[PDB]
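Every chain is numbered from 1 and lettered A, B, ... according to where its sequence line falls, protein lines coming before strand lines.
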Protein chains: 2
Amino acid sequence: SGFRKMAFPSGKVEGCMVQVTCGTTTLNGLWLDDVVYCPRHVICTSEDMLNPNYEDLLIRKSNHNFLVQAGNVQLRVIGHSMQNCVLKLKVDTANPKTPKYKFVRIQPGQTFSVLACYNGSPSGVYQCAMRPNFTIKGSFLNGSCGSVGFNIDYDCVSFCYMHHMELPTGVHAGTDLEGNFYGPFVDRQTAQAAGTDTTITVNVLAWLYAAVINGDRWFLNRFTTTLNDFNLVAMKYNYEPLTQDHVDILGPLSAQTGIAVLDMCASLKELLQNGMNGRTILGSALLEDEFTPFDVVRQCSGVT
Amino acid sequence: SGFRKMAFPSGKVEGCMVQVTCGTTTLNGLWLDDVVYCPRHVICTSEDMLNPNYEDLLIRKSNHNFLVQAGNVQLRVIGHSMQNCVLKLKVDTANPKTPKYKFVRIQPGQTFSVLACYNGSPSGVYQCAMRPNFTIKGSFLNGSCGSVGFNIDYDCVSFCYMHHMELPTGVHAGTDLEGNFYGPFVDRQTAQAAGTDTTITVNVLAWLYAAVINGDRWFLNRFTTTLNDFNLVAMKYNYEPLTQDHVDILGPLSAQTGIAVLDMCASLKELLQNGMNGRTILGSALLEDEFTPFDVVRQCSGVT
Ligand SMILES: *CC(=O)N1CCC(NC(=O)c2ccccc2)CC1
Ligand SMILES: *CC(=O)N1CCC(NC(=O)c2ccccc2)CC1
């Protein structure tokens, strides 16, 4: 029993983190096979970052200007290219610790672990979600750019995120590992405001299932609802619309608990309308939305 | 910016987890040097667990009854002893992945990372605290016993916890790595009830500092208090008494923010008396008490 916000074990990814220095800027790179991936803003002076022309800035850079250090050993750079907003530094040595890996582009609502690094050294690991506004709510200080987000399927690491930007509101923007930003954000120090941070309805319901499975049941009630009725209340409270696809995805948790998805919807409706009344659910005073249905089944069944 | 519940990177500990089977019971062991550490209840039948005599049960066990598997390779057991509530299985091979390590016994209020494992395989990592009642609030299913709690100081892993027991109330009890239970708990299926789960006052204050550092400031007020006055309000709300030692420990966060510890005490007093009024602090609707002052400085300065 018990239910915790849980990160993937980080060893496989720890084995891929290096330090990248270009001029006076140090941040993190990802070493997979003979390629090191890093944010292209490594080539910027703080000055450049106001309106950088990356193709023009890159012309002034040679392979020998990209200092790549794995622990205390230097790596030899034999090539460099820009793909979107990442640099790919080709090195003469394949990472001997390369795990099986994929590059995946996740959807909003999907969760992943972040290994926060500084100067290519891991500081900690925590669980995130891609927000509906395509931001993430991270912990990232100067030097943490190039930290990555990942899922693990048994022995295969799926890299979904590389950290690039803090918005003036203290939320975070980055890319997939092809260097394409999640959402409308750019690697430029400009006016960029996040949209509405809506709540991931399907994740909340999954977490309500996790609560029942673990003994927290006070919020169960005698009511049901419809998708359309529920969605009226979702709209008013800035929750994502619930689709039949979301209902279908919650089917296994429905099966295990014997609580129909739409009955659990009626519980969530009352919680939105009435509040918690100073009570808690799995040690939280608000409705948690950074557990996917997949996360809940994984943790409640003990997958490794 | 940003502040997240953050676990230590888990690679160093992943490299120490093995599977231990005695009869029909499988759980996790910790392989450091040529010793595998595991809960002595591995030798129990579910039946034994009502009133086990461990010395008598152990007589019926030989080295060859302890099946120890590191990934897919079996380890040869050449010795076994009981120390308190752990078994030490001597193996003929030193773990080549042994990190620098210590065994430490932590105090209530101190935090640590747990690497949840099943059949010697890591499933995830999360941050905990030793509760004032000497329980922890974990996520532990059947097969997770022998999972360990740790801190990392740069390159040295300090092992503080091994998972042994779930109480009927869904909270968790275990040992240090000398096999001594935290608190009054025993490895017996009996009536064991946790005491008052009081709030770790010094941790809450540390987290309030983390909030100010990261821009969440609405709860700052025009008031101050005294240790004695604050402690009257702490008592009523089941908070640990605040000592001068705790004030001294918060000094650096005091220095950095320029908010006197006793002013921050007056903020915490008003929050206890008035509630959150539907507002949040670092994305939480309750006062977080599983960040130590040390955790807050570490994360806010980016130590690796
Ligand atoms: C995220 C990361 O590690 N970095 C990106 C930000 C870099 N610093 C700056 O360019 C900067 C900070 C503040 C004002 C102006 C410029 C450090 C590396
Ligand atoms: C924690 C862990 O991995 N284990 C301890 C509990 C073991 N199961 C039992 O002895 C048991 C469970 C339920 C009823 C009776 C006995 C599995 C291993």
Side-chain angles (χ1 to χ4, degrees), chain A residues 1-15 17 113-128 136-144 152 154 166-167 169-172 214-216 275-276 278 280 282-287 295 298-304, chain B residues 1-15 17 113-128 136-144 152 154 166-167 169-172 214-216 275-276 278 280 282-287 295 298-304:
Chain A
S1 203
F3 197 87
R4 274 271 185 185
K5 187 63 67 59
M6 203 176 280
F8 290 99
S10 54
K12 283 184 197 302
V13 178
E14 291 172 55
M17 302 311 310
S113 307
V114 171
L115 181 67
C117 301
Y118 299 93
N119 310 142
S121 291
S123 55
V125 72
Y126 55 85
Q127 192 66 359
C128 282
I136 75 169
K137 292 199 176 121
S139 167
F140 293 114
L141 299 175
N142 281 316
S144 70
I152 311 184
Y154 174 47
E166 196 161 71
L167 302 185
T169 59
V171 307
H172 295 120
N214 286 282
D216 283 5
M276 305 278 284
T280 65
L282 295 171
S284 167
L286 52 63
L287 305 177
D295 291 341
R298 184 178 313 114
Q299 183 169 167
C300 286
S301 79
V303 177
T304 61
Chain B
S1 203
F3 197 87
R4 274 271 185 185
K5 187 63 67 59
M6 203 176 280
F8 290 99
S10 54
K12 283 184 197 302
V13 178
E14 291 172 55
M17 302 311 310
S113 307
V114 171
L115 181 67
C117 301
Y118 299 93
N119 310 142
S121 291
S123 55
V125 72
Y126 55 85
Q127 192 66 359
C128 282
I136 75 169
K137 292 199 176 121
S139 167
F140 293 114
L141 299 175
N142 281 316
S144 70
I152 311 184
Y154 174 47
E166 196 161 71
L167 302 185
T169 59
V171 307
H172 295 120
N214 286 282
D216 283 5
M276 305 278 284
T280 65
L282 295 171
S284 167
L286 52 63
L287 305 177
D295 291 341
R298 184 178 313 114
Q299 183 169 167
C300 286
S301 79
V303 177
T304 61

Self-check item: Note, A:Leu141 side chain near B:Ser301 side chain (heavy atom, < 4.5 Å)
Solution: no
Quiz item: Side chain, backbone, both or neither: which part of A:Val303 has a heavy atom under 4.5 Å from chain B?
Solution: backbone
Self-check item: Proximal component of A:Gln127, with respect to chain B [non-hydrogen, under 4.5 Å]
Solution: backbone
Quiz item: Highest number of heavy-atom pairs under 4.5 Å with chain A: which of B:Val171, B:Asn142, B:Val125?
Solution: B:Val125
Quiz prompt | Heavy-atom donor-acceptor pair, B:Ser10 side chain to A:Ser10 backbone, under 3.5 Å | solution = yes
Quiz item: Any donor and acceptor pair, going by atom type alone, linking the side chain of B:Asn214 with main-chain N or O of B:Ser1 inside 3.5 Å?
Solution: no
Exercise. Counting only heavy atoms closer than 4.5 Å, note whether A:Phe3 contacts chain B via side chain, backbone, both or neither.
Key: backbone
Practice problem: Can you tell which part of A:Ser113 gets under 4.5 Å to a heavy atom of chain B, answering side chain, backbone, both or neither? | Solution: neither
Quiz item: For the atom pair CG (A:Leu115) and OG (A:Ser144), what is the distance rounded to the nearest 0.5 Å?
Solution: 11.5 Å
Quiz prompt | Among the listed options B:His172, B:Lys137, B:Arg298, the residue most often paired with chain A at heavy-atom distances under 4.5 Å | solution = B:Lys137
Self-check item: Closest approach of B:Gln299 to A:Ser139 (non-hydrogen atoms, all atoms of both residues)
Solution: OE1-OG, 2.7 Å
